[PDB]
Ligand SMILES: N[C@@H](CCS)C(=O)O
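So this first bit is one chain, no partners, the form solved without the named molecule, shown in structure tokens.
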């Protein structure tokens, strides 16, 4: 029985129920994420920005089933084109807008990665991706508004691949946390 999360804490409690088992009902998880109405006071603790690039701020470890993190995107900050390491990725906007650009997996042949589509993800909207769907890039293209997003990865992963848009070549990247549970983690 899916109920509207009243607060971020309530959302987290609900997520623990939805990930209690070994599989993932993607549509239910996405629906509850989209039903949480972003309340900045509830997530201010995690919203730690860096001047030069986007930051990853761990919120909850999902009893081992998922990582829930808040990403803070300064103006013009964006990601690589990347995969999600055989995990589910849910991305909910908490503040601002993000451009999501979709790419297919490259062939072995070195070639330009041509975008398959793009969309603007707006406040409170929740997107979903996995490796079976493809790759994406996420960017805050705003010149005037920082963006904040809530990401759920299941299972948790700490590495992924970045893809060179010019060639399709991939490189392994280890993700780092800017903070965990509100505590800056150099």
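Numbering follows the first chain given and starts at 1.
When the mean C-alpha temperature factors of 73-81 and 112-120 are read from the deposited coordinates, 112-120 comes out higher. Annotation for 13-21 versus 172-180: the higher mean temperature factor (C-alpha) is found in 172-180. The residue among 38, 159, 154, 142 whose C-alpha carries the highest B-factor in the deposited model is 159. Sorting the modelled residues of the chain by their CA temperature factor places residue 34 in the highest third. In this PDB entry, the Cα temperature factor of residue 146 sits in the bottom third of its chain's modelled residues, the lowest group. Compared with the other modelled residues of the chain, the Cα B-factor recorded for residue 53 ranks in the middle third. Per-chain ranking of the deposited C-alpha B factor places residue 133 in the highest third.
Among the modelled residues of its chain, residue 68 has a C-alpha B-factor that falls in the lowest third, as given in the PDB entry.
Beyond the structure shown, there is the form solved in complex with the named molecule, which is absent from this document and is the topic of what follows.
Each of 89, 136 and 175 places at least one heavy atom within 4.5 Å of the named molecule in the entry with it bound. The named molecule is not drawn, but in the entry with it bound it has a heavy atom within 4.5 Å of residue 71.
Contact check for residue 153: a heavy atom falls within 4.5 Å of the named molecule in the entry with it bound.
Taking the partner from the other structure, the named molecule in the entry with it bound has no heavy atom within 4.5 Å of any heavy atom of residue 65. The closest heavy atom approach of residue 77 to the named molecule in the entry with it bound falls outside 4.5 Å.
With the named molecule left out of view, the stretch that reaches within 4.5 Å of it through heavy atoms in the entry with it bound is, among 22-30, 140-148, 38-46, 54-62, 54-62. Interface residues of 74-89, taken as those with a heavy atom within 4.5 Å of the named molecule in the entry with it bound (partner not displayed): 82, 84, 89, in sequence order.
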